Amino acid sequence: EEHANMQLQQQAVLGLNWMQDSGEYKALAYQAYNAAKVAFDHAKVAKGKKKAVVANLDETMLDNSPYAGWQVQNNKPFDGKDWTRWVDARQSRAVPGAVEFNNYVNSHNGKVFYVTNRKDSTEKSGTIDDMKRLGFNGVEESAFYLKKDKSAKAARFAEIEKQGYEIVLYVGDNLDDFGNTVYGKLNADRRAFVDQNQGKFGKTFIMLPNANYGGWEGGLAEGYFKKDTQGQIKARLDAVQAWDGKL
């Protein structure tokens, strides 16, 4: 139903305004990348290891908000086929602070590896072109670990380590950017992971804000991503914790 599609996408509007328009969002991005530089500079690795930083792309280093805007204007739920066209459109922007941090790491005895669920086979060319255009250094193909057969990221982290790197910090907008332990899990388990790692945030796990999509959306209800539009609307509304209006 068109009505259901409109309701689902309208629910994203205020958070999208915040991410696209607010100074507050920019300030959070700068805060993250300022903290990331401090962590990188402090990091020491085992003898014989090279220093690596693992960075997520979408909503961490790359800003895809115009795709979300298109969803709002056209009442379009997320669809990977539309996403591939967005990537091919080569209109990605950079998250504030990301290029400077990336280039700093790469010029100070580190290497940033991009572990990203953009698709290796269909979305690589647009990604690399946009990143070159946006000013990122170190965007040769071998810096990228794009999605092949698995959306969970830990195996790609292990590939990086096998190449003689020690990962000194991770940058992401989704807890699944830090490992697999809450991949596919609901939000209670995801919050528990965060509590169990409280001291790592702003140190070895660097967070960017994303109020628009992610593992937390699927985390709203069992089987969320397989539900129809009406089911997803209901899952979102049922997750709301509301004051009852009484004293």
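The first residue of the shown sequence is 1; numbering continues from there.
Engineer: Can you let me know which of the two, 65-73 or 26-34, has the higher average C-alpha B-factor in the entry?
Structural biologist: 65-73 has the higher mean C-alpha B-factor.
Engineer: Quick one: say whether 236-244 or 3-11 has the higher mean Cα B-factor in the deposited entry.
Structural biologist: It is 3-11.
Engineer: Quick one: which of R156, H108, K147, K162 shows the highest Cα temperature factor in the PDB entry?
Structural biologist: So the option with the highest C-alpha B-factor is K162.
Engineer: Looking at the C-alpha B-factor values in the deposited entry, which of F136, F78, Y114, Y104 comes out highest?
Structural biologist: Within the set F136, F78, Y114, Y104, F78 shows the top C-alpha B-factor.
Engineer: Relative to the other modelled residues of the same chain, rank the CA B-factor of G199 and answer lowest, middle or highest third.
Structural biologist: Ranked within chain, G199 CA B lands in the lowest tercile.
Engineer: Using the B-factor values recorded in the entry, state whether the Cα atom of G219 falls in the lowest, middle or highest third among the modelled residues of its chain.
Structural biologist: It belongs to the middle third of the chain when residues are ordered by C-alpha B-factor.
Engineer: Going by what the PDB entry lists, where does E140 fall on CA B-factor within its chain: lowest, middle or highest third?
Structural biologist: Highest third.
Engineer: What third of the chain does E123 rank in for C-alpha temperature factor, lowest, middle or highest?
Structural biologist: Answer is middle: the recorded C-alpha B-factor places it there.
Engineer: Within this chain's modelled residues, let me know which third the CA B factor of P209 belongs to: lowest, middle or highest.
Structural biologist: Its C-alpha B-factor belongs to the lowest third of this chain's values.
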